[PDB]
């Protein structure tokens, strides 16, 4: 029994707020309470629906601006907010006047919004090591969010990332929990105000700290993957940001997409209630992530009692909110969700809305914090962001002290990222992936080239832009801006650490310039360290710039001298992530037993250093199968879920249950890709089968072959379990007890099993290709296929072949 510390020691309840909550609850219907718990998204919600139901909140999802615009004036935002506000205050139809609130993700500023200041993504902020800077970024963020009429912003993100292959690595301040703990509370107080007289007042927003918990610890860094760690490790590594965020009175916590030791966090009452609420003492409300409830066992897009019962208070159900609402109401009335649970949810959420002041403030457009449209993209905020850019940069290499570069020089700027704001901003920047962004999507932003050109012009130097490294007058030095393309979430999941392993385009450019005897300073844009020994060798200087955001001139500020030729700003950033020396150092973290990084956590050169980096090793580390379930069901194949009391259920989708909706539950899990696996839970006697739709004789091609599959056993079957292979109602080719290979599976992770079909004591057409039977078991299956010979990494569940 892991002891988690009680950290809710500063924020005290407000007796008046609690009185209002209770007076409201005593009179509310089940329908109204549930209504408080449901959150639609603006791409799917109408004003009419808000009027009818009075949802407790609604989401600015980012895919569209209000009214369908890509761009909208602040006034337009405020009109939309007013419309929803008035629809919620209308007690016609729904019978009550509880003000709704608008929520939005604030990944690096109010980053869904055209024209908003874009701060550097978290990895660079972590490199900055500046808590006051973080707090100020929070205050600026609060103002820019308020300027669009939004009361509730999701920040900070407190993931602690342990495997850089994750596509969300840049959203984390550090691989190390300590930095995240220092930062989280600063961001929270920056947004919400300090605990005390100004708590949640004025321009301060309601904040949500994301995500609880362990999403930066999934196996191989697979997005929404499986976090395999004991509870003490979850506490000591992945939860540090929540200690300070909860301590500072964060009003909301968002649950995480990943699973913990095979079980989805969104359905885990131990984590979301006992740990988060009871032990840590969190007094605010839990919001789910985007349709996360659909991944919970027994749940789907339109229903999820388990998540609610586990401790989720507000359900982010952007599209299917209406059906979800009615189902949840029927579930509360049926007793499968106790009213005390919805009461508690409503208390926790109303505690936030009421203390923020939804009853005391006017409609959005008339509020004091709504009278400053200039807050959105404010010059002052861009100055702050520029400071953040300067402090985020980490100087990895500076041979013969080539940096800083004389501003009066003739400089060539090259590389695909030289004048591409979309690359410097990364994902979650106006659009989701950022791929389709061009410079015109970032008004008032400054590309890196533009900043350099501005300062070089002021200093009387010469500058040329050519992505491909073309020049007329041979330059004194070339600044080459290269890096990853923008990405978000699983789109950014990678398997290889080597930069551009498929093309090595940037390397070619660098070597070309080096071959012309031109000194090379590389500005590297990325959401994470990557293996770049080759590019490092082709560079005289090399700067990790991360994803700096809108203020690209922050780069010039550090790389160039002023007009007089003197240093204007030195490097200050230090690695918050370890930099890999080899292309397979996937889990390189400070305090690791074997810690052999190229550049350690905390490394960063300055102009005061006279260090050369030597040439580094550029050496890298080193058929006819018939698919049944590889990534998806093959033709003529279906799942079957059979319990004791009802007809067998044929399922072909991402999830399902047996007839009794309780005994056997199927969900989707993530081995490598999204939803390439299926997880299963036996709570009572039941049989799962991977079955042919029409009984099919075994293909002679595989008569002396193998059924091969990948299996993870989260919890070993207490009452035993049975694995049958190639069955025909009358009998099966193989019948294997789980107890007989349990020691292979005791790491609770995936294994590739090969199961020979031709054994001693070996007819009929096959109806169940695979069949698993148990009263109590938890596992996941993936990549089920017929093979002629066992794959290399496979383990054989063998048999006597004496007869052959």
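Positions refer to the first chain, counted from 1.
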remark   = Looking at residue 762 and residue 763, the deposited sequence has unmodelled residues in between totalling 1 to 3
query = Which class fits the unmodelled deposited stretch between residue 622 and residue 623: none, 1 to 3, 4 to 9, or 10 or more?
reply = 4 to 9
request  = Determine, for stretches 719-727 and 693-701, which one has the higher mean CA B-factor as deposited.
outcome  = 693-701
ask   = Of 529-537 and 200-208, which one has the bigger average CA B-factor?
value = 529-537
Member of 56, 756, 68, 61 with the greatest C-alpha B factor (per the PDB record) = 68
inquiry  = Among the choices 321, 639, 242, 449, identify the one whose CA B-factor in the record is greatest.
reply    = 449
remark   = In terms of its chain's C-alpha B-factors, the third that includes residue 139 is the lowest
task = Name the third of the chain's ranked CA B-factors that contains residue 490, choosing lowest, middle or highest.
result = middle
Record-listed C-alpha B factor of residue 468: chain third = highest
task = Place residue 542 in the lowest, middle or highest third of its chain's C-alpha B-factors, as listed in the PDB entry.
result = highest
key: residue 1 - Cα temperature factor, lowest/middle/highest third of chain   = highest
